[PDB]
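Structure, as structure tokens:
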Amino acid sequence: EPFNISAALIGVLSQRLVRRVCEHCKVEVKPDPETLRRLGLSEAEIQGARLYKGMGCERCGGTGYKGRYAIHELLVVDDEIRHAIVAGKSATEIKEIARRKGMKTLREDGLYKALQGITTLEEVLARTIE
Amino acid sequence: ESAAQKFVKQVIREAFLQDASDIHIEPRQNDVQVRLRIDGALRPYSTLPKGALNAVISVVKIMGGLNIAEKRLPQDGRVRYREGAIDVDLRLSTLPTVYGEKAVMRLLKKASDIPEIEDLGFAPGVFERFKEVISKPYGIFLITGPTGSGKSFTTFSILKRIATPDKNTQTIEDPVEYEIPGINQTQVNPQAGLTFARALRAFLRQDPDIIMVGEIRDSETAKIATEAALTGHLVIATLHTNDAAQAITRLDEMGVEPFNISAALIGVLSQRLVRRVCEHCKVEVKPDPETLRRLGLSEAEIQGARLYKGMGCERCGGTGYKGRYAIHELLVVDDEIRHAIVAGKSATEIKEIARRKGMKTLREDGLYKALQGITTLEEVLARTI
Amino acid sequence: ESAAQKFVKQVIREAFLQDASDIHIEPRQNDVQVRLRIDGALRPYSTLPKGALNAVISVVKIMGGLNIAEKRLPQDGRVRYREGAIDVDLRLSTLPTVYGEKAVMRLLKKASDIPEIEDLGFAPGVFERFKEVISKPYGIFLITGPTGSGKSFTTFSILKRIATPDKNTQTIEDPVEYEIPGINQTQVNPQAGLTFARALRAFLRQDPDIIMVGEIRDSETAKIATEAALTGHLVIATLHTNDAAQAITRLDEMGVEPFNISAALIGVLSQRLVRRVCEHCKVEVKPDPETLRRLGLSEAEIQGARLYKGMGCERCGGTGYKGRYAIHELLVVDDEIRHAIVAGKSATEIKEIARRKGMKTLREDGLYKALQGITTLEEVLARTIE
Ligand SMILES: Nc1ncnc2c1ncn2[C@@H]1O[C@H](COP(=O)(O)OP(=O)(O)OP(=O)(O)O)[C@@H](O)[C@H]1O
Ligand SMILES: Nc1ncnc2c1ncn2[C@@H]1O[C@H](COP(=O)(O)OP(=O)(O)OP(=O)(O)O)[C@@H](O)[C@H]1O
Ligand SMILES: [Cl-]
Ligand SMILES: [Cl-]
Ligand SMILES: [Cl-]
Ligand SMILES: [Cl-]
Ligand SMILES: [Mg+2]
Ligand SMILES: [Mg+2]
Ligand SMILES: [Zn+2]
Ligand SMILES: [Zn+2]
Ligand SMILES: [Zn+2]
């Protein structure tokens, strides 16, 4: 029952595993500002932003990767979401409500960690096609 | 029924010897017309008396394993024909018309008919760029054009060269055409729910290196195909667009975000087939410089320009043509194009960048082959509207 | 020999000689009314006494091999009527009404009646755009209009020019109405399961070049037909929409993805039939210059314009009109209409784009043809809108 869902659900965690850039052949790439822009990054943020990949070396196969790392989407339920569940708004509407109140999406989270060299942007984009 | 049998045998044998692709057995008001498709156009073969219709349809239904009793509904099946040196599979389709059932027999090509890339007909410079693209370790490479323009030949030509025993090569096809050895093939089976998208999702758990998507018809398939490339697989996939740049806009329209296209797409090959001028009745013709101008020929080039046509002789069935030839437009994605995609530029804007970067258009490629007498100018303009 | 036989024979004769499409034999409270439909409108033909009804209804039923005893249920059939020099196929319907059974006989046109595209009635500028559209090697071309506005005539006129013997032309029709030689024709068969969509899907295994879809009326037929255009065949299909641009939005509403419509649609023909001024009672009239301005014409078109209308003579049964003439609205898809389709723009906005790029509206084509004394202002406003 939606009213039982509204009363009980405290949060939803969605996650993905991305491949982790090898530490020993890691290298910078100049990102396209437009890519970052269309990924919802602020123009202040763009100024510094650098991205990374693994050129491939003995320590990582040829792959440029070693290990995996998680990316997260954390929907914390408040009165507004509870209200939206009761009403019956769609998964897409709840998602925009939760995003407005400050929830980061998988791809936003993935991009952030890509901007620190944990993963490539390609890994992120791979994991986040809805 | 033996005279029927006798006729099916001879028409199949003749189509095979003449390189016909399709046999049409068409009941009309008073007779049964029989036509062969050769080089894409239909010719008259013969005429049967209307009384012969059922005997022939019967022979052909049995050959395909179809139901003689069913004449109100369409039917299709496959024919494994063996008769001397002639060894050919046929897709067989029967269809109710106002004057009885019409049968169509498509001759299926084999792996042995698939050329190496060096015999695909690429012009010198474009061929080197093509070798480049198909050799990249991951990304999505799109082959686009209307039906019967050689897409599958090019597709399996590429796999013949890059699908090596150290890779897992996997296809999804509708239906599987050639049994290529060294390559895993899976058929779309809608009666069971195995659609293009369903297979494509399964492929991602099959540890692929190379994936071939026979057809990207829906938005789901476009997205999983792009996820495959972004994951680090090489993807050969087929789309229906009129030129190369329009493949980029079609992925956007189907719901692939430009930043995904930009990260995944390595290149687009648009192609067509043009009929080949009969060597036996070839005649030089003098071009219309108004035409050559309007097609962008520098007056330096227009001065030495010769064009050609087949007069039409017995060797080409009075058509002026024998065989077909391919024309290409290869768009290779580089950094400038990657930027154009994320900046949201149109198909027309993307093409102008590609051209300035050296891509010859379909018309330009065909013009250059017509200037050698491989095809007529008319045939080039008819496939590039 | 009997009076009923003689009346039926006579009224079909009159229908044939006057190009009537339908004969209506209607029981009324104290007599029987017979009307002919000529140039789309009913006109009186004759009156019979109530006592003549069952004899005349029997003659019709026997012709179509219907059941004379069954009078409480509707029946329908066909007869090939042959009398004197006349050889016409007729559709026969009988229906219970409160004063007896009503009969309707429709006179069916033949392949011989299909005109070449040059005589379809196209205005000079639109006819060049028309043949360029039908000349494309693949894509879907939609022909739209209410019943009896000439969709089938236009459709098969096109196929008479383009269905050449180097191509395989295949139709699906409900039913097949003409014997066109050179093309392959298939009739939907409800009893068998041979629906529109079921036959369309089979055509994809029949090596076609031109596919004719008689009716797009369900979502599956709309999706397959657009699919066949996209893969690389020429598709000529009929739709019921009030408008050229509405055919685009209709496909969308019917579930065809807008990106496939943008990719496959080459154009949309909307058409109507208007009545032609009878020559033998044709007379000039003077129009209000104002009434032409309020209809949209500029002052240069008003300056030369002379109007006409028929007074009413025996040749035209007093209507002022004999025969009909088509008026057209031709939407040719270009890049800008493609972007509007992908962008989800409305029918209204798409219409504006088509017009700015040179599409003549139905009314505008109508008025043009009125200023040539082909039809009246009357008829143009009757059969069109803003
Ligand atoms: N490079 C080429 N040169 C000459 N002929 C070719 C070439 N490629 C294909 N053909 C001929 O064209 C026919 C059709 O080619 P193919 O099946 O590749 O077209 P397609 O675009 O895959 O068609 P469909 O749209 O039905 O899948 C082939 O059987 C062969 O006869
Ligand atoms: N271009 C034309 N000019 C004049 N009259 C025409 C024209 N086209 C058709 N007609 C007349 O209109 C009649 C009906 O035409 P047609 O069957 O093409 O209409 P339709 O719109 O397909 O009707 P239906 O609703 O039965 O499918 C024809 O029998 C012919 O008499
Ligand atoms: Cl995952
Ligand atoms: Cl039929
Ligand atoms: Cl082609
Ligand atoms: Cl009308
Ligand atoms: Mg193919
Ligand atoms: Mg009709
Ligand atoms: Zn490394
Ligand atoms: Zn020759
Ligand atoms: Zn008159």
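Each chain gets a letter, A, B and so on, in the order its sequence line appears, and its residues count up from 1. Only heavy atoms go into these numbers, but all of them, side chains included; no hydrogens, no water, no symmetry mates.
- In terms of heavy-atom pairs under 4.5 Å with chain C, the best-connected choice from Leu95(B), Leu92(B), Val98(B) is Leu95(B).
- The side-chain contact (heavy atoms from CB on, under 4.5 Å) check on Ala15(B) picks up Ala20(B), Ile23(B), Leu36(B), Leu107(B), with sequence neighbours excluded.
- In terms of heavy-atom proximity, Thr375(B) sits nearest to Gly366(B) at CG2-O, 4.4 Å.
- Heavy-atom minimum distance, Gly193(C) versus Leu73(B): C-CD2, 4.0 Å.
- Within the 4.5 Å cutoff, the side chain of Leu142(C) has no heavy atoms near those of the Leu269(C) side chain.
- When each of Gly182(C), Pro258(C), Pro165(C), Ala199(C) is scored by its heavy-atom pairs under 4.5 Å with chain B, the top score falls to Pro165(C).
- Nearest heavy atoms, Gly150(B) versus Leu273(B): N-CD1, 3.9 Å.
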All inter-chain donor-acceptor pairs under 3.5 Å (chain B, chain C):
from	atom 1	to	atom 2	distance (Å)
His24(B)	NE2	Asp207(C)	OD2	2.9
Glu26(B)	OE2	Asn184(C)	ND2	2.8
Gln29(B)	NE2	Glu179(C)	OE1	3.1
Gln29(B)	NE2	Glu179(C)	OE2	3.2
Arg35(B)	NH1	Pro165(C)	O	2.6
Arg35(B)	NH1	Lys167(C)	O	2.9
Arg35(B)	NH2	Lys167(C)	O	3.3
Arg37(B)	NE	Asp207(C)	OD1	3.2
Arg37(B)	NE	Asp207(C)	OD2	2.5
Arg37(B)	NH1	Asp209(C)	OD1	3.4
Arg37(B)	NH1	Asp209(C)	OD2	3.2
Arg37(B)	NH2	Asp207(C)	O	3.0
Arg37(B)	NH2	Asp207(C)	OD1	3.4
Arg37(B)	NH2	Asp207(C)	OD2	3.0
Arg37(B)	NH2	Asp209(C)	OD2	2.7
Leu42(B)	N	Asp166(C)	O	3.1
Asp76(B)	OD1	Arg205(C)	NH1	3.3
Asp76(B)	OD2	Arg205(C)	NH1	3.3
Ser93(B)	O	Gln206(C)	NE2	3.3
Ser93(B)	OG	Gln206(C)	NE2	3.2
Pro96(B)	O	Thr186(C)	OG1	2.7
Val98(B)	N	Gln185(C)	O	3.0
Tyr99(B)	OH	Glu179(C)	OE2	3.3
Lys102(B)	NZ	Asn168(C)	OD1	3.3
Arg106(B)	NH2	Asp207(C)	OD1	2.9
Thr147(B)	N	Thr231(C)	O	2.7
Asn242(B)	OD1	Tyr138(C)	OH	2.8

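- Taking the side chain as every heavy atom from C-beta outward, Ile210(C) and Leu159(C) approach each other to under 4.5 Å.
- With a threshold of 4.5 angstrom between heavy atoms, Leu204(C) approaches chain B through N, CA, C or O but not through any side-chain atom.
- With hydrogens and angles ignored, the 3.5 Å screen pairs no side-chain donor or acceptor of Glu329(B) with any backbone N or O of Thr361(B).
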